[PDB]
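Peer 1: Protein chains in written order, with PDB author numbering: chain A, 1 to 187; chain A', 1 to 187; chain A'', 1 to 187. A prime marks a further copy of an entry chain.
All residues carry an ideal CB built from backbone N, CA and C; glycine is no exception.
Have a look at this one.
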Ligand SMILES: Nc1ncnc2c1ncn2[C@@H]1O[C@H](COP(=O)(O)OP(=O)(O)OP(=O)(O)O)[C@@H](O)[C@H]1O
Ligand SMILES: Nc1ncnc2c1ncn2[C@@H]1O[C@H](COP(=O)(O)OP(=O)(O)OP(=O)(O)O)[C@@H](O)[C@H]1O
Ligand SMILES: Nc1ncnc2c1ncn2[C@@H]1O[C@H](COP(=O)(O)OP(=O)(O)OP(=O)(O)O)[C@@H](O)[C@H]1O
Ligand SMILES: [K+]
Ligand SMILES: [K+]
Ligand SMILES: [K+]
Ligand SMILES: [Mg+2]
Ligand SMILES: [Mg+2]
Ligand SMILES: [Mg+2]
């Protein structure tokens, strides 16, 4: 069992189906960024402590879902042998319910908050911004190729989820958020 | 209060003023990278311990300043209703004074150092390299559109600040820097 | 000794040799991404504990090697005064021996694993994905300019190394890997 094949040593790689692409191809960058986000979520999850245990399982669930998203990003729309498996509806409503809940419980802001606080809150804000980076790359891809737009919907909602969860993480250890001192009332 | 509007679900988003852009637009990537840096700084700050307390407040101040920078990056130069608010002079001199101080106190190198050491030092080196990534994206933007060049000046100086601060973090816990074994005398 | 020269304040910077480039030039992005990876490895190394001590020295060695790689990425192929110093053969075989060893010791999977587990394992998966991001940028560069292809070979192998090491980190604290629930038998 050798995970190193050396077939990518020249800069090309396989996607789902028969096609090979350069590794800097927008498709390969898109699910590559999703994989980096997925790894960061894993890292975020490893920071869970006794105060924040309630967040542990949904972070693991998000990791499962990112694999589902990345599958589809790796799959060309005109591939006869492989289909899109990701449906946005239920995973996205599930995120929305959490955003709603977490928004309700934490103290309300007007203004932008400093992305920080506890180590977990801060990690969740990093997740937020990696998701948004990945989102940009999915959009780059979408502008050149037919994608499963359900993936975009979910990844879009996901960075709102990370924002909500990060505030909730602060709430769980009673760490106050700090406001951006020059913020207008934006929320 | 719903932070999810679903208006970005198709890949376009508002900037400051009336314009909408794709999320992979260089402008949106520029202040997006600044937001990721801002989140990383928050994460860096959450690692502060009893040895490194003296670094806590200026990291928070940097977060405030990154919001100021990102405002301007989000603002088109020809927007009649919105202006640039960021002036580089005082924030940049403030960084320079810190670079000078931290450079003076820590042991002097000739050679490149391994970016690492304590967890905070290492986090500061990550901040250094995220700032430089963000800087590249600001430059990408500048090559297509008129920006506030003060933002570039500050973000440029900021990665030197992170280099200096990271060495200082090592000094604060008396963790020696390690040299790149094949370095020429570069400093 | 001032690390801030202010020469980059306008968005251009020197590479090895006489040439200046914009900071968003693919060459500058390539060794820039390598520097970010290098910093992340430093951060990964700072997480080493009593269970995972055996990983400490090779992470430091990787940092040395990334400087060697970045040197060459910074060096134009037609630069009369500066040469490529990086040879892939021995560093790459060294990675392969570790991949082989670590693959042998850890429990075998069929299926994709969730990138996560212990804090070090998870950090190693982040390293994995930053290496792959950097790899894409090296490929971007290669498609425009002559590079030392040895660097590509090594950086390619390196993300397999990080995958193997991350599983090994889990093994060292007896943290089980979790499987992607919808995985096909991919390994
Ligand atoms: N640098 C990269 N960034 C993002 N995705 C990648 C990268 N390289 C490969 N991939 C994708 O992820 C899968 C696994 O990567 P892997 O390293 O096994 O591919 P490879 O580099 O082509 O092969 P090898 O490393 O064995 O030479 C690939 O089949 C490809 O779809
Ligand atoms: N992926 C992204 N990366 C960087 N910046 C973004 C991204 N998406 C939106 N932005 C910018 O940051 C602001 C907030 O993002 P937000 O998610 O609220 O926007 P949206 O995606 O357009 O809306 P929604 O998520 O409600 O559908 C936006 O108005 C836009 O300027
Ligand atoms: N944003 C960046 N991203 C990646 N690499 C960079 C960046 N800026 C400079 N470099 C490269 O790394 C070296 C060190 O960066 P440094 O900040 O010293 O350069 P500079 O910005 O041109 O100068 P200064 O900061 O003194 O105005 C440079 O000579 C250049 O090759
Ligand atoms: K491989
Ligand atoms: K939103
Ligand atoms: K400098
Ligand atoms: Mg959004
Ligand atoms: Mg600079
Ligand atoms: Mg590979």
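1. Span of the beta strand (DSSP E) holding residue 22 of chain A''?
2. If we call anything under 7 Å between Cβ atoms a contact, is residue 29 of chain A one with residue 138 of chain A?
3. If you run the structure through DSSP and keep just helix, strand and coil, what is residue 63 of chain A?
4. Please report the straight-line C-alpha distance between residue 179 of chain A and residue 149 of chain A', rounded to a whole angstrom.
5. Does the beta carbon of residue 27 of chain A'' sit closer than 7 Å to a beta carbon anywhere in chain A?
6. With distances taken Cα to Cα, identify the nearest neighbour of residue 125 of chain A among A':35, A':26, A':7.
7. What first and last residue would you give for the alpha helix (DSSP H) that runs through residue 140 of chain A''?
8. I'd like the list of long-range same chain contacts for residue 14 of chain A', defined as Cβ closer than 7 Å, with 5 residues on each side in sequence excluded.
9. As a quick check of your reading: which residues have a C-beta less than 6 Å from at least one non-hydrogen atom of ligand 4, in chain order?
10. Taking 5 Å as the limit, tell me which residues put their C-beta closer than that to any heavy atom of ligand 7, in chain order.
11. Is it a yes or a no for the segment 143-161 of chain A' touching the segment 49-62 of chain A'', going by three-plus beta-carbon pairs under 8 Å?
12. Quick check on residue 121 of chain A: buried or exposed, where buried means 16 or more other Cβ atoms within 10 Å of its Cβ?
13. Verify the contact flag: residue 13 of chain A, CB atom, against every heavy atom of ligand 1, threshold strictly below 6 Å.
14. Which of the three DSSP states is assigned to residue 81 of chain A'' in this structure?
15. What separation, rounded to the nearest whole angstrom, lies between the Cα atoms of residue 39 of chain A and residue 80 of chain A'?
16. Answer with buried or exposed for residue 169 of chain A', where buried requires no fewer than 16 other C-beta atoms within 10 angstroms of its C-beta.
17. Is the beta carbon of residue 47 of chain A sitting closer than 7 Å to the one on residue 119 of chain A?
18. Comparing alpha-carbon positions, which option in A:67, A:52, A:161, A:68 lies nearest residue 175 of chain A?
19. Give the residues from the segment 80-101 of chain A'' that approach chain A closer than 7 Å (Cβ to any Cβ), ordered along the chain.
20. Opposite residue 113 of chain A in the DSSP bridges: which residues?
21. By Cβ distance, which residues of its chain are closer than 6 Å to residue 136 of chain A'', with the 5 residues on each side in sequence left out?
22. List the residues of chain A' that residue 4 of chain A'' touches, going by C-beta distances under 7 Å, in chain order.
23. Which class does residue 13 of chain A'' belong to by DSSP, given the choice of helix, strand or coil?
24. Which residues in the same chain have their Cβ closer than 6 Å to the Cβ of residue 108 of chain A', if we skip the five residues on either side of it in sequence?
25. If we define contact as Cβ-Cβ less than 7 Å, is residue 173 of chain A' a contact residue for chain A?
26. Is the distance from the Cβ of residue 132 of chain A' to the Cβ of residue 32 of chain A'' below 7 Å?
27. Considering Cα atoms alone, identify which of A':89, A':17, A':112 is closest to residue 163 of chain A'.
28. For residue 136 of chain A, would you say it is in contact with chain A', using Cβ-to-Cβ distances shorter than 7 Å as the test?
29. I want to verify the contact list: residues of chain A'' whose CB lies under 8 Å from the CB of residue 36 of chain A, in sequence order.
30. Any heavy atom of ligand 3 closer than 6 Å to the beta-carbon of residue 36 of chain A''?
31. Taking all protein chains shown into account, decide if residue 50 of chain A is buried (16 or more other Cβ within 10 angstroms of its Cβ) or exposed.
32. Below 8 Å on the Cβ atoms is my guess for residue 99 of chain A' versus residue 160 of chain A'; work out the distance and round it to an integer in Å.
33. Going by other Cβ atoms of all chains shown within 10 Å of its Cβ, with 16 needed for buried, is residue 88 of chain A' buried or exposed?
34. Using a Cβ-Cβ distance under 7 Å, would residue 64 of chain A' count as near chain A?
35. Does chain A'' have any CB closer than 7 Å to the CB of residue 31 of chain A'?
36. Between residue 186 of chain A and the rest of its own chain, which residues show a CB-CB distance below 8 Å, the 5 nearest in sequence each way excluded?
Peer 2: In short, the structure shows the following:
1. By 1-based counting over the third chain, the position of residue 22 of chain A'' is 22. Taken as a continuous stretch (DSSP letters only), the beta strand (DSSP E) holding residue 22 of chain A'' covers 20-22.
2. In the first chain, counting from the first residue as 1, residue 29 of chain A sits at position 29. In the first chain, counting from the first residue as 1, residue 138 of chain A sits at position 138. For residue 29 of chain A and residue 138 of chain A, no; Cβs fall outside 7 Å.
3. The residue labelled residue 63 of chain A in the question sits at position 63 within the first chain. In the structure shown, residue 63 of chain A sits in a helix (DSSP, three-state: H, G or I).
4. Numbered from 1 along the first chain, position 179 holds the residue referred to as residue 179 of chain A. Numbered from 1 along the second chain, position 149 holds the residue referred to as residue 149 of chain A'. So the two alpha carbons sit approximately 26 Å from each other.
5. In the third chain, the residue the question calls residue 27 of chain A'' occupies position 27. Closer than 7 Å: no.
6. In the first chain, counting from the first residue as 1, residue 125 of chain A sits at position 125. For residue 125 of chain A, the nearest C-alpha among the options comes from A':35.
7. The count along the third chain starts at 1 and reaches residue 140 of chain A'' at position 140. Residues 119-142.
8. Here the question's residue 14 of chain A' lines up with position 14 in the second chain. Counting only Cβ-Cβ distances below 7 Å, and skipping sequence neighbours, we find 20.
9. In chain order, the qualifying residues are A:3, A:4, A:5, A'':160.
10. A:156, A':8
11. no
12. Translated into the one-based positions of the first chain, residue 121 of chain A becomes position 121. Residue 121 of chain A is buried by the Cβ-count criterion.
13. Position 13 of the first chain holds residue 13 of chain A. The answer is yes for residue 13 of chain A.
14. Along the third chain, read from residue 1 onward, the residue named residue 81 of chain A'' stands at position 81. Annotated three-state conformation of residue 81 of chain A'' is coil, per DSSP.
15. Here residue 39 of chain A refers to the residue found at position 39 when the first chain is read from its first residue. Here residue 80 of chain A' refers to the residue found at position 80 when the second chain is read from its first residue. Linking residue 39 of chain A to residue 80 of chain A' through their CA atoms gives a straight-line distance of about 43 Å.
16. Mapped onto the second chain, residue 169 of chain A' falls at position 169. Buried is the call here.
17. Locating residue 47 of chain A in the first chain gives position 47, counting from the first residue. Locating residue 119 of chain A in the first chain gives position 119, counting from the first residue. In this structure, the beta-carbon distance from residue 47 of chain A to residue 119 of chain A falls below 7 Å.
18. As a first step, residue 175 of chain A must be located in the first chain, where it is residue number 175. Closest by alpha carbon: A:52.
19. 96, 99
20. If you number the first chain from 1, residue 113 of chain A lands on position 113. According to DSSP, which records beta bridges pairwise, residue 113 of chain A is partnered with A:179.
21. As a position in the third chain, residue 136 of chain A'' is number 136, starting the count at 1. Cβ neighbours of residue 136 of chain A'' beyond the five flanking positions: none.
22. Position 4 of the third chain, counted from the first residue, corresponds to residue 4 of chain A''. Those are 96, 99, 157, 160, listed as they occur along chain A'.
23. By 1-based counting over the third chain, the position of residue 13 of chain A'' is 13. Here residue 13 of chain A'' sits in strand by DSSP.
24. Here residue 108 of chain A' refers to the residue found at position 108 when the second chain is read from its first residue. Cβ within range, chain order: n/a, list empty.
25. As a first step, residue 173 of chain A' must be located in the second chain, where it is residue number 173. Not an interface residue.
26. Position 132 of the second chain, counted from the start, is the residue given in the question as residue 132 of chain A'. Position 32 of the third chain, counted from the start, is the residue given in the question as residue 32 of chain A''. Yes, these two residues count as a Cβ contact at 7 Å.
27. Translated into the one-based positions of the second chain, residue 163 of chain A' becomes position 163. Here the closest residue by C-alpha is A':112.
28. Walking along the first chain from the start, residue 136 of chain A turns up at place 136. Closer than 7 Å: yes.
29. Along the first chain, one-based indexing puts residue 36 of chain A at 36. Against residue 36 of chain A, the close residues of chain A'' are 126, 129, 130, 132, 133, in the order they occur along the chain (beta-carbon pairs closer than 8 Å).
30. Sequence index remark: in the third chain, residue 36 of chain A'' carries index 36 (1-based). Look at residue 36 of chain A'': its beta carbon is at least 6 Å from all of the heavy atoms in ligand 3.
31. Locating residue 50 of chain A in the first chain gives position 50, where the first residue counts as 1. Exposed, since its Cβ has fewer than 16 Cβ neighbours within 10 Å.
32. On the second chain, position 99 is the one that residue 99 of chain A' refers to. On the second chain, position 160 is the one that residue 160 of chain A' refers to. That pair is a contact at about 6 Å.
33. Here residue 88 of chain A' corresponds to residue number 88 of the second chain, with the count starting at 1. When all chains shown are included, residue 88 of chain A' counts as buried.
34. Within the second chain, the letter at position 64 stands for residue 64 of chain A'. Output row for residue 64 of chain A': interface = yes.
35. On the second chain, residue 31 of chain A' is found 31 positions in, with the first residue counted as 1. Chain A'', which has no Cβ nearer than 7 Å to the Cβ of residue 31 of chain A', makes this no.
36. Your numbering for residue 186 of chain A matches position 186 in the first chain. Cβ neighbours of residue 186 of chain A beyond the five flanking positions: 110, 111, 112.
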